[PDB]
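Some notes on the structure that comes next.
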Amino acid sequence: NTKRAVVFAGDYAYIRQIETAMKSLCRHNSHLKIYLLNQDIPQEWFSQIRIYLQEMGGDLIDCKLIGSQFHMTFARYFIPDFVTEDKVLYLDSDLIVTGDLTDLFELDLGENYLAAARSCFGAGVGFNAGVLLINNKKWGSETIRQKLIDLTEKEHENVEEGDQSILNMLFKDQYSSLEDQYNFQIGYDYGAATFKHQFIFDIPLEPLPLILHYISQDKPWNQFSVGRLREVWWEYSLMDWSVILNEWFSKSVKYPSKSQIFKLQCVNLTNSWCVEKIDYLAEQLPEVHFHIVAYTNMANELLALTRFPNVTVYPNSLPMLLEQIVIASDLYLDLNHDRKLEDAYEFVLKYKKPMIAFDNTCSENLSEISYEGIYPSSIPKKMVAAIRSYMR
Amino acid sequence: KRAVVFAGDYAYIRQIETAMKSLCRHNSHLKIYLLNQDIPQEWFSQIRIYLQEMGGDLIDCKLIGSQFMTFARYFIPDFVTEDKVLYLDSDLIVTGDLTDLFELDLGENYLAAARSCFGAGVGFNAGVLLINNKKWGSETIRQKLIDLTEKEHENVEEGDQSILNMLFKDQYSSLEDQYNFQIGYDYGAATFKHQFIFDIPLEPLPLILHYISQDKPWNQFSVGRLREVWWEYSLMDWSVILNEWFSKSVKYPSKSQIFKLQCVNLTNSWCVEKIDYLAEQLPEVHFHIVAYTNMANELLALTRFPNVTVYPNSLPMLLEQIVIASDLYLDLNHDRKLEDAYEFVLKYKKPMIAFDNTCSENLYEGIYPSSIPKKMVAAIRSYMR
Ligand SMILES: O=c1ccn([C@@H]2O[C@H](COP(=O)(O)OP(=O)(O)O)[C@@H](O)[C@H]2O)c(=O)[nH]1
Ligand SMILES: O=c1ccn([C@@H]2O[C@H](COP(=O)(O)OP(=O)(O)O)[C@@H](O)[C@H]2O)c(=O)[nH]1
Ligand SMILES: [Mn+2]
Ligand SMILES: [Mn+2]
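Sequence lines, in order, name chains A and F. When you line the first sequence up against the authors' numbering, it's residues 3 to 72, 85 to 406, in that order. When you line the second sequence up against the authors' numbering, it's residues 5 to 72, 86 to 380, 385 to 406, in that order.
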């Protein structure tokens with residue numbers, strides 16, 4: 003069985019909507035490789051949900067939009095910067111999946127950049143951007159991300175529907191059509207009643223369309239709403255993940271969780287952005303939990319480390335808090351480049367913690383043999399091996 | 005049933021539900037009141053089922069009206098009927114059995130509370146309060162808290178907490194630190210250099226963990242300890258909590274029902290005759306109250322009922338679909354009647370009943390005494406099956 007690639011985009015403030023949309027998707031579709039573009043979603047949320055996805059034969063990818071090369087609704091531009099599959103389904107998070115999307119996953123795009131449903135049953139112009147079957151390979155080569163940004167830079171003050179207006183203005187005459195049921199814009203109800211489009215309300219709702227899109231500001235999760243099918247959103251919002259997993263498990267669709275308990279706890283205190291080879295070490299040592307502490311604001315280079323499931327980053331901490339982390343750690347990593355904060359060494363000595371360093375990060379005021387080991391920064395494989403020697 | 009009260013808004017729903025989960029995980033047969041203005045009824049309907057299966061209940065306390086962050090706890094005696102009640106903040110975690118706290122005799126004290134930050138602060142922390150509600154009610158404490166808050170709210174450093182301390186100085190009993198272990202003080206302690214705070218054992222876990230301050234464990238980043246315990250409960254499924262109790266001979270059937278009738282009314286007025294009474298009397302009926310504009314508080318407060326849906330700023334076509342789906346039109350609105358309703362009622366051959374004082378002055386299967394609305398209750402049940 004092969005994985006089907008799906009991408010959502012949203013901030014932590016929208017977590018209840020993102021999670022509800024994912025729950026509805028996973029309820030009816032297994033083997034999903036889900037990418038989630040975000041800036042501020044907590045790592046703990048990703049860790050747990052990732053286990054669910056894996057147990058259902060899929061995975062969950064934390065795509066952190068942290069850095070200058072990068085919300086609101088514009089994050090879908092950066093899709094080909096994260097997704098490795100040649101085809102992927104983008105979904106808004108103000109929507110609900112009600113059934114098997116196999117036919118949608120398997121649609122052949124040909125030379126079309128994407129496939130999409132029309133806007134509001136044909137009331138609007140062009141396609142609705144909330145459901146996009148995307149030719150990711152083509153998006154990569156045609157440099158679509160830069161083209162959307164550049165075009166949105168012009169004429170964002172000249173368009174009625176933002177990113178959607180931009181997507182239609184770039185892509186017209188080169189997209190495939192999806193049936194309305196794959197992006198059924200039930201959120202248009204207020205609009206339809208406004209413009210007196212009586213026949214919109216004669217469109218059958220039994221059985222439920224495969225994808226329900228609650229467009230507009232009349233969201234069913236608000237205290238009050240006026241559009242139809244409000245009850246469907248709540249049905250999935252209030253659904254335990256256990257219900258979803260139990261349905262798949264009861265049909266023998268069960269895969270082992272790939273999560274593992276940590277075998278070692280490492281700590282470093284930095285005041286600078288550059289912790290030597292930290293990204294590489296994190297990548298190579300998923301079974302080590304790294305704790306990177308600072309007493310001040312942190313640069314994007316360090317904040318972006320949240321994309322790893324095994325790095326905890328503590329900006330704006332204080333000496334008493336660092337001390338407790340040191341006591342709890344197995345090994346100090348002297349990897350920071352600027353002037354050393356001595357008391358960390360004091361904590362290290364006091365609590366009898368081993369400490370290792372790179373050739374270019376060892377203190378100028380310390381003797382070599384004060385470290386358990388000093389390893390070459392241009393061959394960090396050697397420190398990887400060094401770190402693993404502390405485990406058992 | 006032990007009475008517990010939380011207070012918070014919909015924006016804080018992730019924290020409220022986590023706190024409740026942690027509470028229910030370790031304590032059964034709880035009557036939970038939740039003071040709020042904007043939490044959706046769907047959330048209440050589902051969580052109420054869980055509380056009932058565990059031998060308790062969930063009460064929606066809607067603070068909707070002129071007489072109404087962080088200051089909702091003043092209104093506790095207006096909603097809570099029990100003589101004693103435990104108020105809890107929503108930025109906290111219950112890690113065990115709270116029986117010794119529930120069973121604490123207050124005597125003549127207005128409340129029991131733990132000291133602020135292990136003694137670092139002044140007076141008590143207001144995030145955990147065992148309240149003598151009978152006394153708060155009889156001595157009109159809510160009014161006094163409001164009045165004291167009118168003055169002095171800008172002379173104080175800790176808001177509602179400072180006011181509660183100011184009113185109840187020398188008239189409260191003490192709780193041990195573990196019933197309000199303010200682990201969220203970690204950043205503060207580290208800031209003011211209170212070194213010995215960090216020597217206090219965290220194992221065994223204190224019965225109540227309180228994440229005070231802006232350093233919340235649910236944020237993307239935080240620096241205080243025990244961050245992982247909050248996430249353990251936030252990510253815990255309700256099925257797990259229910260199974261724990263089911264496994265321990267605690268299991269009751271849900272008191273939920275399905276609606277046997279759908280009724281609808283279109284209104285241009287705040288006054289919909291006897292709608293509060295009808296909703297209360299007919300839980301098996303789902304009432305739909307529609308308006309084309311914003312709605313008065315009298316109508317928005319109907320959200321406290323599990324069987325009334327209110328539709329402010331709706332439109333004729335939207336109303337039409339509701340009317341089509343309805344079994345019976347209730348012409349209960351005072352003042353100007355809107356003809357869209359009569360149009361649809363005619364079109365879709367819908368029955369329509371009224372009170373003797375809400376008939377249109379321009380035209385029913387029945388017209389009932391507005392002074393004995395019980396007759397209408399009997400009549401509404403006559404359309405069912
Ligand atoms: O507060 C917000 C609002 C928007 N979104 C994201 O931006 C998308 C566009 O928002 P919306 O769906 O409301 O636009 P519409 O579908 O009405 O055109 C959403 O699906 C979310 O993924 C978000 O993450 N946080
Ligand atoms: O955005 C908010 C902030 C606060 N609260 C409520 O107000 C209480 C007091 O806030 P907090 O607990 O954060 O203050 P502290 O405990 O640090 O004094 C919380 O428990 C919540 O119940 C809320 O409902 N929404
Ligand atoms: Mn959308
Ligand atoms: Mn609190």
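Ideal Cβ placement from N, Cα and C applies to all residues, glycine included.
In terms of side-chain proximity, the C-beta atom of A:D64 is found no nearer than 7 Å to any non-hydrogen atom of ligand 1. Taking every residue with its beta carbon within less than 5 Å of a heavy atom belonging to ligand 3 gives, in chain order, A:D106, A:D108 and A:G144.
Ligand 4 approaches F:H227 closely enough that one of its heavy atoms is under 7 Å from the residue's Cβ. At a threshold of 7 Å, A:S230 counts as near ligand 1, since its beta carbon sits closer than that to one of the ligand's heavy atoms.
Taking a C-beta distance under 8 Å as the contact criterion, F:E290 and F:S190 do not qualify as a contact pair. Among the residues of chain F, none has a CB under 9 Å from the CB of A:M369; the nearest is roughly 22 Å distant. For F:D254, the chain A residues whose Cβ falls inside 7 Å of its Cβ are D254, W255 and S256, in order along the chain. Annotation: the stretch 239-321 of chain A contains the following complete segments of the alpha helix (DSSP H) (minimum length 4 residues), in chain order: 244-251, 255-263, 292-298 and 314-317.
Against F:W248, the close residues of chain A are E46, in the order they occur along the chain (beta-carbon pairs closer than 7 Å). Taking a cut-off of 8 Å for Cβ pairs, the stretch 164-175 of chain A and the stretch 92-112 of chain A do not touch, as fewer than three such pairs fall below it.
Here A:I401 carries a helix assignment [DSSP, helix/strand/coil]. Under the three-state reduction of DSSP, F:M369 is assigned to strand. Residue A:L105 holds the alpha-carbon nearest to the alpha-carbon of A:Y37 among A:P44, A:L105 and A:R18.
Residues of the stretch 34-58 of chain A with a Cβ closer than 9 Å to any Cβ of chain F, in chain order: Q41, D42, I43, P44, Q45, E46, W47, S49, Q50 and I51. Across the set A:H33, A:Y16 and A:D13, the C-alpha of A:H33 shows the shortest separation from the C-alpha of A:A7. By the Cβ test, the stretch 206-216 of chain A is not in contact with the stretch 89-106 of chain A, since fewer than three Cβ pairs between them sit closer than 8 Å. For A:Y37, DSSP records a beta bridge to A:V9 and A:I63. F:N40 sits close to F:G12, with the two beta carbons spaced by under 8 Å. Between the stretch 327-344 of chain F and the stretch 302-317 of chain F, the count of Cβ pairs shorter than 8 Å is three or higher; the stretches touch. F:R132 has F:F141 as its beta-bridge partners, per DSSP.
Under the three-state reduction of DSSP, A:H30 is assigned to helix. Counting only the Cα atoms, F:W153 lies some 7 Å from F:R159. Rounded to whole angstroms, A:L181 and A:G124 show a C-alpha spacing of 19 Å.
Classified as buried, F:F361 has 16 or more neighbouring CB atoms from the shown chains inside 10 Å of its CB. For F:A313, none of the residues of chain A pass the 8 Å Cβ criterion, the least Cβ distance being about 14 Å. A:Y127 sits close to A:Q188, with the two beta carbons spaced by under 8 Å. Nearest in C-alpha terms to F:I43, of all of F:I275, F:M253, F:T208 and F:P323, is F:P323. Residue environment for A:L259: buried (at least 16 other C-beta atoms within 10 angstroms of its C-beta).
Near chain F, meaning a CB-to-CB distance below 8 Å, the residues of the stretch 330-348 of chain A are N330, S331, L332, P333, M334, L335, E337 and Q338.
Taken through DSSP and simplified to helix, strand or coil, A:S107 comes out as coil.
Going by C-alpha positions, A:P300 is about 53 Å away from F:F276. In the three-state reduction of the DSSP assignment, A:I393 falls in the coil class, being assigned neither a helical nor a strand state. Between A:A137 and A:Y202, the C-beta spacing is below 8 Å. Taking the beta carbon of F:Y328 as reference, the chain A residues within 9 Å of it are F238, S239 and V240, listed in sequence order. In the structure shown, the three-state DSSP call for A:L222 is coil. When DSSP assignments are scanned along the stretch 135-212 of chain A, the uninterrupted stretches of beta strand (DSSP E) that are 3 or more residues long and fall wholly within it turn out to be 145-149 and 189-191.
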